[PDB]
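Heads up: the sequence lines are chains A and B, in that order. Per the entry's author numbering, the first sequence runs over residues 1 to 259, 265 to 543. Per the entry's author numbering, the second sequence runs over residues 4 to 259, 262 to 543. By construction, the Cβ of each residue, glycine as well, lies at the ideal position given by its N, Cα and C atoms.
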Amino acid sequence: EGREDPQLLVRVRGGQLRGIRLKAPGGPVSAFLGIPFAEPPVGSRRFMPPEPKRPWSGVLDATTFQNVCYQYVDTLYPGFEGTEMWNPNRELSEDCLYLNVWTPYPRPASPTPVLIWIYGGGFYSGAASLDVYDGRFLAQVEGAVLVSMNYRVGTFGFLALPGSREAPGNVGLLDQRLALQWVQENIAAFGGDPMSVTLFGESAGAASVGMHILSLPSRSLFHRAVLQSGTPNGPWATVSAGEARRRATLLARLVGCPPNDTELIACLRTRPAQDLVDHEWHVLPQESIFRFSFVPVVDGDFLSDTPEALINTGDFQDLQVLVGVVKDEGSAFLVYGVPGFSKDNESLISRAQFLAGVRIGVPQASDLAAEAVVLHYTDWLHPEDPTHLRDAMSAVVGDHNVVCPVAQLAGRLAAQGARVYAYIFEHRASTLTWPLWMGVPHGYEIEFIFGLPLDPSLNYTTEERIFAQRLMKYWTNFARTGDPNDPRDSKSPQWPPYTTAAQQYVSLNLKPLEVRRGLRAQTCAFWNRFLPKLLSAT
Amino acid sequence: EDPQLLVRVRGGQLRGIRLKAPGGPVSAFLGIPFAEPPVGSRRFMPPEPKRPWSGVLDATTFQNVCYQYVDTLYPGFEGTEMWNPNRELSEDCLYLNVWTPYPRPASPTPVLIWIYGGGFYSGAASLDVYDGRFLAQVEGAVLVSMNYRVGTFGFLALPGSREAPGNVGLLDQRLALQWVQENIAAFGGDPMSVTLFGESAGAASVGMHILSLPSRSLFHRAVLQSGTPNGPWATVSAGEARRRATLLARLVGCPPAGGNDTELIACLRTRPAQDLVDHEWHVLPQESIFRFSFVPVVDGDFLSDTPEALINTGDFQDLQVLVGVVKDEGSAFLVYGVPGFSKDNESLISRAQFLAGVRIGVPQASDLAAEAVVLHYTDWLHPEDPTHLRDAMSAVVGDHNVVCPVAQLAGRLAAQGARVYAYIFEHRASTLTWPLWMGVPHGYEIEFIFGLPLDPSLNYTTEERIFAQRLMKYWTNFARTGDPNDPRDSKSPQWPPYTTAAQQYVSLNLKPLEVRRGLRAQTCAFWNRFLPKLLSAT
Ligand SMILES: Nc1ccc2c(c1)c(-c1ccccc1)[n+](CCCCCCc1cnnn1CCNc1c3c(nc4ccccc14)CCCC3)c1cc(N)ccc21
Ligand SMILES: Nc1ccc2c(c1)c(-c1ccccc1)[n+](CCCCCCc1cnnn1CCNc1c3c(nc4ccccc14)CCCC3)c1cc(N)ccc21
Ligand SMILES: *[C@@H]1O[C@H](CO)[C@@H](O)[C@H](O)[C@H]1NC(C)=O
Ligand SMILES: O=S([O-])[O-]
Ligand SMILES: O=S([O-])[O-]
């Protein structure tokens with residue numbers, strides 16, 4: 001420091017940081033990007049829990065996003081924006097444990113509500129540095145302090161040989177918890193209130209938020225939670241200890257590490278990062294969609310039991326949760342290897358192709374369970390209609406994997422004392438490059454919650470700008486108070502809590518809030534009450 | 004003596020009576036013997052043709068009702084007693100009734116043949132709601148109805164035996180049909196244009212004449228109202244008939262070299278009728294509803310295979326069929342043994358009471374299967390609501406027993422070249438004495454089709470008189486041409502044929518025809534395609 005902007009120099013437990021003054025449309029914000037919160041989990045630390053970052057000397061430059069955690073880079077549609085906007089935007093490296101902070105400029109005098117973001121990507125991909133997770137707009141417009149962290153994904157984050165000490169599993173979640181601890185100790189330097197931290201995240205991020213709710217050591221690290229299109233309960237977010245062992249062992253075998266656990270993990274540790282990525286997909290038990298190879302494991306430690314069990318028996322009185330879904334959770338998953346589906350045509354499939362899709366979509370399902378699915382989704386007035394079948398296949402994937410789990414989550418939490426608010430997101434970005442048939446796909450509310458439309462250079466409609474402001478007010482009003490509603494406002498339709506009695510939730514679209522009752526009530530009875538029993542008995 | 008009232012049929016001369024209809028006189032020939040009384044050693048045997056008689060046979064009154072159980076659920080109550088025997092009970096009961104216009108029709112008239120229901124254990128052609136004069140007078144039709152043996156006498160079978168081959172009640176019907184072919188021309192009727200029509204068990208009987216080759220040259224068109232030959236109640240197997248027969252024999256003291266078929270039937274024949282009727286309801290294998298002890302048997306004779314198999318493989322190309330259901334097929338059955346239901350209160354039920362009702366409603370169901378019915382029929386927005394649960398219990402019984410068997414029948418006949426018209430009857434008689442919650446119960450379209458609202462002394466509303474005139478036209482139009490539509494009248498809308506593609510059918514109520522699509526399609530897919538896979542797999 002001599003000629004430096006005094007609002008950009010800030011000390012934290014690890015040492016001095018230099019941030020950057022960023023332009024948001026309404027004014028400047030402060031970003032501190034690439035703050036390390038753990039010892040780089042490289043070398044002999046691969047697969048291991050993270051250690052807190054050792055203090056540095058001098059002023060650490062925090063003006064740019066740091067490395068993205070090793071993963072599989074999507075090459076489904078090369079050059080296509082629809083897939084590439086999710087692809088890593090920094091170098092890949094095992095040295096990736098860094099977090100980012102956006103605060104108002106100047107930093108606010110009194111403590112500000114803190115929002116912590118946890119990216120999705122199936123526990124195999126993602127980065128806090130993507131354009132759509134840009135904390136600058138929430139920071140500038142809502143006066144909020146926003147934090148996002150990188151956490152280890154794929155094998156690096158979730159390969160477990162359970163009961164082992166050198167590869168215990170859930171270390172991706174432990175990175176996330178370590179970043180939360182960082183926020184407790186340090187966020188006050190940035191003008192954040194560590195007594196008011198809301199976690200929010202989408203897809204696997206949502207699943208992660210829910211896992212912090214269900215893991216006791218995480219509970220004292222945040223006060224409120226938002227789960228966007230993901231849950232800890234459900235078919236894809238966790239695996240049994242047994243299944244994780246099988247997957248770990250198979251992967252080892254594939255990369256030239258034949259199986265004693267010490268020997269095996271030692272040998273995995275000598276493998277180049279790329280070789281692990283190059284093989285992670287080969288360990289899934291069936292051809293399937295919306296399943297990921299290395300995900301949180303039920304270890305009897307981070308997760309003391311299956312999320313299904315923990316949500317059925319938990320006391321959640323102290324807890325406030327906002328949850329919800331987009332209109333077409335399944336559609337995007339179809340183009341990742343369901344025969345018949347593509348972004349470049351209308352994806353009008355046949356009945357054969359539907360039955361085939363369903364086996365892949367519900368891989369754990371017997372023949373009889375698969376017929377049940379098909380019979381339930383068939384339109385019996387037009388059982389051959391290619392359009393309806395295309396949409397059914399999307400709804401099967403969406404409902405089984407997201408909507409109905411969210412429904413179950415909302416039900417159990419609300420019965421057991423939580424204040425729950427629920428939504429369905431129904432607006433298709435005017436700028437989406439995915440075809441019309443895909444509707445509102447998995448992930449596409451995020452850019453609205455973050456306020457991207459306010460950036461005039463992004464070509465959102467004026468209507469979309471206003472809509473984004475609303476959503477930003479809902480989310481942050483929820484962070485601030487535990488209620489997405491506005492204290493001053495006065496019809497303005499109110500957003501009612503979700504209860505078991507009334508099952509109210511709101512539609513989020515360009516029109517003002519409409520209250521609806523029953524989140525796919527009948528169809529979710531199928532997945533949550535019936536289907537299990539078609540595996541319980543046969 | 005009135006020349007109009009004197010007819011010479013094959014077995015001798017008859018004297019009918021001139022009856023009074025609101026719009027003019029009709030000739031009626033009531034109580035014509037069509038078979039040797041099936042008594043003594045003829046009990047359980049095929050009927051024999053009636054021997055010729057001398058002089059002029061008095062045919063001016065209804066003859067005896069076939070021997071049957073008399074309802075005492077609600078003694079003195081019109082709603083039940085209107086179905087009870089209105090003439091003396093006797094095993095001597097094989098008589099038929101003919102109504103014609105007065106004067107005798109000048110040129111050959113379409114002939115309608117009625118077959119009552121009563122679950123194959125009750126019924127009589129003499130009931131007021133089967134009064135054939137209105138159709139005779141107004142539409143210029145020749146309307147015939149026969150008595151046939153019911154309960155043990157009509158359907159007790161020891162398959163493979165000469166003495167009790169089963170299905171004799173159907174043979175009774177067949178003989179009545181043969182009688183119409185040989186004799187109806189003398190009445191002005193046209194034997195080359197005979198339309199069978201019937202309701203409930205009567206409809207199933209009609210169905211069985213469609214499905215049995217010898218019956219096929221005795222009529223040209225068919226109308227099945229609220230009943231089908233396929234389904235869970237209309238037939239039993241040779242093994243199951245034997246079982247019930249053998250159990251009945253045992254219950255009435257039979258038996259104390263032959264043997265053990267001839268022996269057993271011999272002893273049964275020695276028993277007073279009331280002894281057989283005393284013990285008929287004790288042969289059923291479970292607590293159930295809409296199951297009857299003695300029903301047509303799959304014998305490989307009358308029925309060459311199961312109706313379900315027969316309808317699957319039949320060629321139905323020169324066949325016209327009118328089928329339908331009432332709005333509330335199941336409601337009436339609930340007051341007959343289903344705990345929680347009664348005509349004297351609104352019958353609001355608990356969920357537990359709903360589950361218990363399902364086990365009785367679907368006697369063959371396994372735990373899982375019954376659970377599926379329950380979970381399918383629940384309203385997940387108000388799953389505890391007593392009105393819905395009561396209505397759902399009603400719907401389960403109607404759908405399982407009538408509506409979905411109809412849908413299936415309609416579908417197969419149309420698929421296989423038959424020409425099918427379908428309806429749902431939704432108007433509740435203003436004169437009705439069953440409570441409102443029962444809606445339009447099983448049986449209560451009949452009074453309208455027969456034109457009773459034309460009798461001003463019966464206190465039907467003007468609207469109902471007009472409604473009855475329309476239905477009388479639909480039915481007799483259908484009898485005349487195989488098409489219920491008014492062939493010379495324009496403006497409609499038209500009753501289109503039922504087809505497997507478009508699944509079109511109409512509602513009959515006070516409003517003009519409305520064309521709907523899919524006869525309870527999703528729900529019948531549950532009943533016709535899924536549940537069967539849940540019986541014979543787990
Ligand atoms: N050429 C093929 C053929 C078959 C399969 C392929 C590739 C891939 C694939 C592998 C590496 C990189 C990308 C895809 N996967 C792996 C999993 C694919 C999951 C796709 C969606 C998703 C879910 N969470 N993360 N992602 C990856 C893409 N990131 C997105 C994300 C989100 N939304 C969207 C919406 C549209 C497109 C992408 C996208 C929101 C949350 C975060 C990431 C499959 C998985 C299977 N179980 C079966 C087939 C295939
Ligand atoms: N006290 C108990 C307790 C348990 C059971 C009882 C009686 C009876 C019963 C038998 C003879 C007479 C009266 C009742 N049934 C026999 C099944 C009878 C079904 C009654 C409804 C019906 C339907 N179609 N015919 N009927 C019989 C009477 N005639 C009717 C007719 C019609 N509609 C109706 C509508 C309401 C009342 C009666 C009725 C239409 C067609 C022809 C006859 C049961 C059958 C079971 N599977 C289980 C329990 C019970
Ligand atoms: C869409 O394209 C894919 C491959 O490009 C193909 O498999 C599919 O059949 C196509 N659908 C239609 C309706 O042409
Ligand atoms: O590129 S957008 O369509 O995700
Ligand atoms: O049976 S009575 O209500 O017409």
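Boundaries of the beta strand (DSSP E) in which residue i is found, first to last residue
i, result
"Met-85(B)", "Taken as a continuous stretch (DSSP letters only), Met-85(B) belongs to no beta strand (DSSP E), as it is neither H nor E."
"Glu-519(A)", "519-522"
"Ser-196(A)", "192-202"
"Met-149(A)", "145-149"
"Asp-61(B)", "59-61"
"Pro-113(A)", "112-118"
"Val-10(B)", "9-12"
"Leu-513(B)", "509-513"
DSSP bridge partner residues for residue i (one or two, in chain order)
i, result
"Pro-368(A)", "Answer by DSSP bridge pairing: none, since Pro-368(A) is not bridged."
"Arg-21(B)", "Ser-30(B)"
"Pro-446(A)", "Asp-333(A)"
"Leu-227(B)", "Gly-201(B) and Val-328(B)"
"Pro-52(A)", "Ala-38(A)"
"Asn-100(B)", "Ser-148(B)"
"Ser-293(B)", "Its beta-bridge partners do not exist; DSSP assigns none."
"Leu-250(A)", "Note: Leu-250(A) sits in no beta bridge, so no partner."
"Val-302(B)", "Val-239(B)"
Beta-carbon proximity of residue i to residue j, cut-off 8 Å
i, j, result
"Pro-312(B)", "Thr-238(B)", "yes"
"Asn-514(B)", "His-432(B)", "yes"
"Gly-120(A)", "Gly-210(A)", "no"
"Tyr-426(B)", "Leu-324(B)", "no"
"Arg-177(A)", "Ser-129(A)", "no"
"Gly-157(B)", "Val-147(B)", "no"
"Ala-484(A)", "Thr-198(A)", "yes"
"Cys-257(B)", "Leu-269(B)", "yes"
Burial state of residue i, where buried means 16 or more other Cβ atoms lie within 10 Å
i, result
"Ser-462(A)", "exposed"
"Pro-6(A)", "exposed"
"residue 555(A)", "In the structure as shown, chain A begins at 1 and stops at 543. Residue 555(A) is therefore absent and cannot be evaluated."
"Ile-354(B)", "buried"
"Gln-71(B)", "buried"
"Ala-167(B)", "buried"
"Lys-53(A)", "buried"
"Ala-415(A)", "buried"
"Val-520(A)", "exposed"
"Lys-23(B)", "exposed"
"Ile-471(A)", "exposed"
"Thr-467(A)", "exposed"
First and last residue of the uninterrupted alpha helix (DSSP H) at residue i
i, result
"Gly-335(A)", "From DSSP, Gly-335(A) is part of no alpha helix (DSSP H); its letter is neither H nor E."
"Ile-270(A)", "266-273"
"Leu-161(A)", "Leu-161(A) -> no alpha helix (DSSP H), and no H or E assigned at all."
"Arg-46(B)", "Careful: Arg-46(B) lies outside any alpha helix (DSSP H) and carries neither H nor E."
"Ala-427(B)", "Here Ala-427(B) belongs to no alpha helix (DSSP H); instead the beta strand (DSSP E) covers 424-430."
"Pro-410(A)", "409-420"
Integer Cβ distance of residue i from residue j, believed to fall under 8 Å
i, j, result
"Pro-28(A)", "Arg-21(A)", "5 Å"
"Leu-173(A)", "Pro-277(A)", "With 8 Å as the limit, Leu-173(A) and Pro-277(A) do not qualify as a contact, their Cβ atoms being about 25 Å apart."
"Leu-227(B)", "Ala-206(B)", "4 Å"
"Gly-487(A)", "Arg-224(A)", "6 Å"
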